[PDB]
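**Student:** Just passing along the structure, written as structure tokens.
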Amino acid sequence: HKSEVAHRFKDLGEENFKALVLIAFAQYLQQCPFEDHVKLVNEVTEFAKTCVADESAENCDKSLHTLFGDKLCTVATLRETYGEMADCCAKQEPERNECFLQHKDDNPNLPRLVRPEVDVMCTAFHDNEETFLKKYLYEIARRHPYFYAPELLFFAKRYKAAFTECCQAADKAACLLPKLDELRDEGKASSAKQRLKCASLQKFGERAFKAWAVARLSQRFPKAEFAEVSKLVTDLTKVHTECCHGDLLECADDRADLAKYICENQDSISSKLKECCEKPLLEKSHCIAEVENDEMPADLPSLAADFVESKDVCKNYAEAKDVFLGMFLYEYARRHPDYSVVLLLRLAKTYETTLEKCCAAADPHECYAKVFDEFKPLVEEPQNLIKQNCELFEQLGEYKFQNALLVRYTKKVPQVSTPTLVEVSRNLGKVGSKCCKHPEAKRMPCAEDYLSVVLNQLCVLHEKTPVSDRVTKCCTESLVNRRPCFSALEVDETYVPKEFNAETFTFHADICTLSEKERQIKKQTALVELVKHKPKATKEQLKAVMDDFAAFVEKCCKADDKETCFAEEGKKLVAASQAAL
Ligand SMILES: CCCCC1C(=O)N(c2ccccc2)N(c2ccccc2)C1=O
Ligand SMILES: CCCCCCCCCCCCCC(=O)O
Ligand SMILES: CCCCCCCCCCCCCC(=O)O
Ligand SMILES: CCCCCCCCCCCCCC(=O)O
Ligand SMILES: CCCCCCCCCCCCCC(=O)O
Numbered sequence: 003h004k005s006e007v008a009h010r011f012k013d014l015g016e017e018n019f020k021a022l023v024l025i026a027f028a029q030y031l032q033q034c035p036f037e038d039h040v041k042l043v044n045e046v047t048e049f050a051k052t053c054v055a056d057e058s059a060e061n062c063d064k065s066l067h068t069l070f071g072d073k074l075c076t077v078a079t080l081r082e083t084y085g086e087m088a089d090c091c092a093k094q095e096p097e098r099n100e101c102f103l104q105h106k107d108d109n110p111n112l113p114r115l116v117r118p119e120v121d122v123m124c125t126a127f128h129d130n131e132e133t134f135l136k137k138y139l140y141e142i143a144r145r146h147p148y149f150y151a152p153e154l155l156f157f158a159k160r161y162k163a164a165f166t167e168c169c170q171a172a173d174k175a176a177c178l179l180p181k182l183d184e185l186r187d188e189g190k191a192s193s194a195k196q197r198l199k200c201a202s203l204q205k206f207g208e209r210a211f212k213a214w215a216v217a218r219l220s221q222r223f224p225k226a227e228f229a230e231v232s233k234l235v236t237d238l239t240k241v242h243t244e245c246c247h248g249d250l251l252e253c254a255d256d257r258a259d260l261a262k263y264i265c266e267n268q269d270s271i272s273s274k275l276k277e278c279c280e281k282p283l284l285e286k287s288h289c290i291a292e293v294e295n296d297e298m299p300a301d302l303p304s305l306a307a308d309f310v311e312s313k314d315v316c317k318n319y320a321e322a323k324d325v326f327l328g329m330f331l332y333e334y335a336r337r338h339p340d341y342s343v344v345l346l347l348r349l350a351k352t353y354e355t356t357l358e359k360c361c362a363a364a365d366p367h368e369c370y371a372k373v374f375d376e377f378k379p380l381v382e383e384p385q386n387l388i389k390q391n392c393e394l395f396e397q398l399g400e401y402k403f404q405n406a407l408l409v410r411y412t413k414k415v416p417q418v419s420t421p422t423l424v425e426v427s428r429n430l431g432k433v434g435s436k437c438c439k440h441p442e443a444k445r446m447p448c449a450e451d452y453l454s455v456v457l458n459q460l461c462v463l464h465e466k467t468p469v470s471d472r473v474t475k476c477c478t479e480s481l482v483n484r485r486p487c488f489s490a491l492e493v494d495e496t497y498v499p500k501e502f503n504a505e506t507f508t509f510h511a512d513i514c515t516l517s518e519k520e521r522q523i524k525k526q527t528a529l530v531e532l533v534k535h536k537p538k539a540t541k542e543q544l545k546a547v548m549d550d551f552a553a554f555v556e557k558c559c560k561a562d563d564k565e566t567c568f569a570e571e572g573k574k575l576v577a578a579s580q581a582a583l
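Everything in the sequence shown is counted per the entry's author numbering, starting at 3 for the first residue and increasing by one.
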């Protein structure tokens, strides 16, 4: 088409166009105030409308990069506020956009965003829904300049729906709060997944990413042909490489192209793509990215034939190693949607290590004839951990389950900071209440998805202020061995317990007037400090002390007079506990 802006404006729609332009500007000019951004959006939109009316109006022929760049260079304070970024304006567009990209700040220093009271939000929402939502949209985008724009818009729409619903209810707070917490967690998870995807692509390379995608796409589109799966994995790798570089326009066009390619060859890929392919341009790719697994052929051959029993295995493998291994991944993954992708990768790595050794020996067949027996122990490991932990989560509840994990991990890595241990254990706890509800067939994929982010949040932090070689080890190993590594950590027999600290175990009545989450976190913090002081303590000793603390807290919060009870009975509890331990 003769005009880029006009075309985009047309298939996006005015409302979507406006929100996206706002996000795009906020991610580049992270320091400019809201009023200035709104002003820019209005000018770009007004210009866009001119081009819609006549693709021949002036400047309507300019590319989007050029137009975006020219408007960015119009900001008068560009130099005084962003300094060096202002020098990007002296370059020819091609280089200009690259320069702006290089100067995008990922971890800016903006005040943390505080959640106001439910009634102020609801009142604000009713008085001016537009400015309320757009201002928060701006606040979120300036803080996450890397978050893929269209997905942020998808989140905004869900927030709107939460206010619309809850702000017109009897008990607003009881309605809205849980929705906001779920949205935030989900928002943070999405952010982590995006960063993880790019970092892994940079650290481990294209081959590893391609294997990961082959496995994932084969579980989802089992009826698709291997050649079709390879086509998709290739385009998908290119798409993420570009999206990770950070250029929104390039990223968006590649994704769109891929989404249409998929819809046009729908019948040749999966019968589950029907809905996704009838959705508007903006939602297509997102929908496809979450499509459920198509059902498998059910009348499929045995893997043993072509990969163990067959003659010429070594011959087909030597002829094209990666293609053969990819074929193996494809065949194995499409018969196992119940496996995590990383498990499939372990199987593949194991099959590769075996052919490398075995294909160089006299009688190949004999050497690699028992490969499938090496797979069994690899499979069972995550499966046992699932049942074992989910059952426990069932006996106890989410809270006591978190406490169980708390005792378990403080003992393995007592060096870690107490707030980190609490944070991590609580998140692990949630993965349990969220995945253990799924039937066995969907548990591993679920746990893998959530554990990948929790483990990455854990590693990133630790990276900053490292405290344990073991954690560093597990954090730097391959993403395939990451979870196994942590699971293999044993109690720290070297750790020297921390001296007693009266303060740490002193409690007041203010705990009675705290919110549930707040009470738990204070108790859990104490629970971690206890284990750090008495690491050799037993599950029984510990249970007894946690129970005394329990009755104690209920007793002191249920008395004609508090504070005294906590101080008087607190003296007791502490002294007794010490002796018992
Ligand atoms: C690496 C993360 C995986 C998310 C994902 C993605 O970005 N695309 C995706 C990319 C662009 C448009 C639509 C979907 N599809 C995808 C689905 C089937 C075949 C190929 C790719 C996905 O599953
Ligand atoms: C992209 C999301 C649109 C933003 C509009 C929703 C406003 C939510 C305000 C709450 C932000 C504070 C963060 C939190 O939830 O704790
Ligand atoms: C297009 C085919 C590309 C897939 C290549 C198959 C490679 C399988 C090896 C297992 C991948 C795990 C990589 C790793 O050890 O980090
Ligand atoms: C304590 C976390 C709560 C979930 C309980 C199951 C434990 C997850 C282990 C299985 C991980 C599957 C991913 C992998 O293959 O490594
Ligand atoms: C440094 C923070 C403490 C370490 C947290 C351990 C994380 C391991 C998660 C793996 C879940 C499987 C259960 C397990 O084997 O521990």
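Built from N, CA and C at the ideal position, the CB exists for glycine as well.
Compare the C-alpha of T496 against each of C487, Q417 and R197 and name the closest.
**Tutor:** The shortest Cα separation from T496 among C487, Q417 and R197 belongs to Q417.
**Student:** If you draw a straight line from the C-alpha of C289 to the C-alpha of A258, how long is it?
**Tutor:** Cα to Cα, the separation comes out at about 12 Å.
**Student:** Using the Cβ count rule (16 or more neighbours within 10 Å means buried), how would you classify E6?
**Tutor:** That one is buried.
**Student:** For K195, which residues of its own chain have a beta-carbon under 7 Å away from its beta-carbon, when the five flanking residues on both sides are left out?
**Tutor:** So the qualifying residues of the chain are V455.
**Student:** Please work out which residues of its chain come closer than 7 Å, Cβ to Cβ, to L347, disregarding the five sequence neighbours upstream and downstream, and give them in chain order.
**Tutor:** These residues qualify, in order along the chain: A213, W214, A217 and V482.
**Student:** Are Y150 and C265 closer than 8 Å when you measure CB to CB?
**Tutor:** Their beta carbons are not under 8 Å apart, which means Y150 does not touch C265 by this criterion.
**Student:** Indicate the three-state DSSP secondary structure (helix, strand or coil) for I271 in the structure shown.
**Tutor:** Three-state DSSP puts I271 in coil, outside helix and strand.
**Student:** Counting only runs that start and end within the region 501-538, where is the alpha helix (DSSP H) found for 4 or more residues in a row?
**Tutor:** Listed in chain order, they are 518-535.
**Student:** Helix or strand or just coil, what does DSSP make of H146?
**Tutor:** Coil.
**Student:** Exposed or buried, what is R10 when buried is set at 16 or more other beta-carbons lying within 10 Å of its beta-carbon?
**Tutor:** With 16 or more Cβ atoms within 10 Å of its Cβ, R10 is classed as buried.
**Student:** Within this structure, are the beta carbons of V54 and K4 separated by less than 8 Å?
**Tutor:** Taking 8 Å as the Cβ cut-off, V54 and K4 do not qualify as a contacting pair.
**Student:** What is the C-beta distance between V576 and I513, in whole angstroms, given that I count them as a contact (C-beta under 8 Å)?
**Tutor:** That belief does not hold up - the Cβ atoms of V576 and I513 are roughly 15 Å apart, past 8 Å.
**Student:** Are the region 441-449 and the region 326-345 touching by the rule of at least three beta carbon pairs closer than 8 Å?
**Tutor:** Enough Cβ pairs lie closer than 8 Å, so yes.
**Student:** Does the region 177-190 touch the region 323-339, meaning 3 or more C-beta pairs lie closer than 8 Å?
**Tutor:** No: the two stretches stay apart, fewer than three of their Cβ pairs being nearer than 8 Å.
**Student:** CA-CA distance, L423 and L453?
**Tutor:** Looking at the two C-alpha atoms, the distance is approximately 15 Å.
**Student:** From which residue to which residue does the alpha helix (DSSP H) around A88 run?
**Tutor:** Element bounds for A88: n/a, residue is neither H nor E.
**Student:** Check the C-beta distance from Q33 over to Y84 and give it rounded, since I have them as a contact under 8 Å.
**Tutor:** Going by Cβ atoms, the distance from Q33 to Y84 rounds to 7 Å, so yes, they are a contact pair.
**Student:** Going by C-alpha to C-alpha distance, which of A362, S287 and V381 sits closest to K317?
**Tutor:** If we check each option's Cα against that of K317, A362 comes out closest.
**Student:** Counting C-beta neighbours from all protein chains within 10 Å, is the total for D296 16 or more, i.e. buried, or is it exposed?
**Tutor:** Buried, because 16 or more other Cβ atoms sit within 10 Å of the Cβ of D296.
**Student:** Where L387 and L430 are concerned, what is the direct C-alpha to C-alpha distance, given to the nearest angstrom?
**Tutor:** When rounded, the distance between both Cα atoms is 13 Å.
**Student:** Alpha carbons only, please: which of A511, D471 and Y161 is nearest the one belonging to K414?
**Tutor:** Ranking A511, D471 and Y161 by Cα distance to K414 puts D471 first.
**Student:** Is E82 a contact residue of ligand 4, with contact defined as CB to any heavy atom under 7 Å?
**Tutor:** The answer is no for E82.
**Student:** Which whole-angstrom value describes the C-beta separation of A26 and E57, a residue pair presumed to lie in contact below a C-beta threshold of 8 Å?
**Tutor:** In fact, because the Cβ distance is near 22 Å, the residues do not count as touching under 8 Å.
**Student:** Taking 8 Å as the threshold (C-beta atoms), are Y319 and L357 in contact?
**Tutor:** Yes. Within cutoff.
**Student:** Express the C-alpha separation of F395 and residue 643 in angstroms, rounding to a whole number.
**Tutor:** Here the chain covers residues 3 to 583 and nothing more, so residue 643 does not appear.
**Student:** Can we count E450 as close to ligand 4, meaning its CB is less than 7 Å from some heavy atom?
**Tutor:** Yes.
**Student:** Using a Cβ-Cβ cutoff of less than 7 Å, which residues in the same chain neighbour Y140 once the five nearest sequence positions on both sides are dropped?
**Tutor:** Cβ neighbours of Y140 beyond the five flanking positions: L24, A28, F36 and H39.
**Student:** May I ask whether a heavy atom of ligand 2 can be found less than 7 Å away from the beta carbon of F157?
**Tutor:** Yes, the Cβ of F157 comes within 7 Å of a heavy atom of ligand 2.
**Student:** Using only Cβ atoms and a threshold of 5 Å, which residues come within that distance of a heavy atom of ligand 1? Order them by chain position.
**Tutor:** Qualifying residues, in the order they occur: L234, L238, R257, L260, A261, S287, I290 and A291.
**Student:** Run through the region 91-149 for me and flag every whole alpha helix (DSSP H) of 4 or more residues, listed as ranges in chain order.
**Tutor:** List check, alpha helix (DSSP H) in window: 95-104, 120-129 and 131-145.
**Student:** State the Cα-Cα distance for the pair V381 and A158, rounded to the nearest angstrom.
**Tutor:** One C-alpha to the other measures close to 40 Å.
**Student:** Is any heavy atom of ligand 2 found at a distance shorter than 7 Å from the C-beta of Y138?
**Tutor:** Because some heavy atom of ligand 2 lies under 7 Å away, the Cβ of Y138 counts as near it: yes.
**Student:** Out of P384, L349, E393 and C360, state which residue places its alpha-carbon closest to the alpha-carbon of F374.
**Tutor:** Nearest option by C-alpha distance: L349.
**Student:** Could you check if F206 belongs to the surroundings of ligand 3, using beta carbon to heavy atom distance under 7 Å?
**Tutor:** At least one heavy atom of ligand 3 is nearer than 7 Å to the Cβ of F206, so yes.
**Student:** Looking only at its own chain, which residues have a Cβ that is under 8 Å from the Cβ of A443, when we skip the five neighbours before and after it?
**Tutor:** Taken in chain order, the residues that qualify are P339 and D340.
**Student:** Could you have a look at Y263 and say whether DSSP puts it in helix, strand or coil?
**Tutor:** Looking at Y263 - three-state DSSP - the assignment turns out to be helix.
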